[PDB]
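Under PDB author numbering, the first residue of the sequence shown is numbered 6, with each subsequent residue one higher. Just so you know, even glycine gets a beta-carbon here, dropped at the ideal spot from N, CA and C.
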Amino acid sequence: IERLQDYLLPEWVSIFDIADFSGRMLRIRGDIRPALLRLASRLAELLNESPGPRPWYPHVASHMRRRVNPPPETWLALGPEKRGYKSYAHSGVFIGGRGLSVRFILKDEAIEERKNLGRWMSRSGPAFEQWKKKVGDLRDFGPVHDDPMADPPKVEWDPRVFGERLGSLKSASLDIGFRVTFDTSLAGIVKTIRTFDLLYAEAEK
Ligand SMILES: [Cl-]
Ligand SMILES: [Cl-]
């Protein structure tokens, strides 16, 4: 049974205990990146075995923007475009000092897709709440973006107001999902990513 730890070694969480930029980046780029590329490819193959409402193409964080503060986490992204991913909805598998997580992301620069998903959330609060109940322990990673070891809070906001903000503010963003263990099967992770399909699809239009 293929598992996340076959790609991302459990001990790699300690890379994120390296406080200095150069030292942490060396390990993120040298050791974690090749593994994330392999894992991203494999997850995309598995997802594409049963097509969903949008394509999934693999990407890996480039870390070309950081200078002084090392990344608190690194990730692969699965999104609808072959090259680039930050301008569109995507799912990601992340590793940092806290371990692994699987999240659904709309960055501030995904202006149009935030407008689309925000409008859906605003108009479909009850459907969002139903979905949230079904997926269990949904966390908001937004508030802990500056607290790498902190347990992210449960999503408790009103999706209608959150959606209104997400759609209308240039600096708004979404980052929600699940903490997962290193021994989780790839088959289980694929299904977790599929549970974001409702949001992924509604972001497109
Ligand atoms: Cl992009
Ligand atoms: Cl599993």
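Q) Short check: CB of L179 to CB of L191, under 8 Å? A) Judged by beta-carbon spacing, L191 lies beyond the 8 Å limit of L179, meaning their Cβ atoms are not closer than that value.
**Q.** Three-state secondary structure (DSSP) of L174
**A.** DSSP places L174 in coil when its eight states are reduced to three.
**Q.** Environment of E78 [buried if 16+ CB atoms lie within 10 Å]
**A.** Residue environment: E78 is assigned as buried (16 or more neighbouring CB atoms within 10 Å of its CB, all protein chains considered).
Q. Cβ of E118 versus every heavy atom of ligand 1: is any distance shorter than 7 Å?
A. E118: no, Cβ never under 7 Å from ligand 1.
Q) Is it true that the stretch 114-130 meets the stretch 64-78, where meeting means three or more beta-carbon pairs spaced less than 8 Å apart? A) Contact between the stretch 114-130 and the stretch 64-78 is absent, because fewer than three Cβ pairs lie under 8 Å.
Q: Answer with buried or exposed for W80, where buried requires no fewer than 16 other C-beta atoms within 10 angstroms of its C-beta.
A: Around the beta-carbon of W80, 16 or more other beta-carbon atoms lie within 10 Å, marking it buried.
Q. Does the distance from the CB of residue 3 to the CB of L83 come in under 8 Å?
A. Here the chain covers residues 6 to 210 and nothing more, so residue 3 does not appear.
Q. Applying the criterion that 16 or more other CB atoms from any shown protein chain within 10 Å of the CB defines a buried residue, is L174 buried or exposed?
A. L174 should be labelled exposed.
Q. Just the residues with CB closer than 5 Å to a heavy atom of ligand 2, in chain order, which are they?
A. Cβ atoms closer than 5 Å to ligand 2 belong to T189, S190 and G193.
Q | Start-end ranges of the beta strand (DSSP E) lying completely within the stretch 33-102, minimum 3 residues | A | Qualifying beta strand (DSSP E) stretches, in chain order: 62-65, 78-84 and 95-101.
Q. Which of the three DSSP states, helix, strand or coil, is assigned to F201?
A. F201 falls in the coil class under three-state DSSP.
Q: Assess, as a yes-or-no matter, whether the stretch 95-108 is touched by the stretch 142-155 under the definition of 3 or more beta carbon pairs within less than 8 Å.
A: Touching, yes, given that three or more Cβ pairs across the two stretches are closer than 8 Å.
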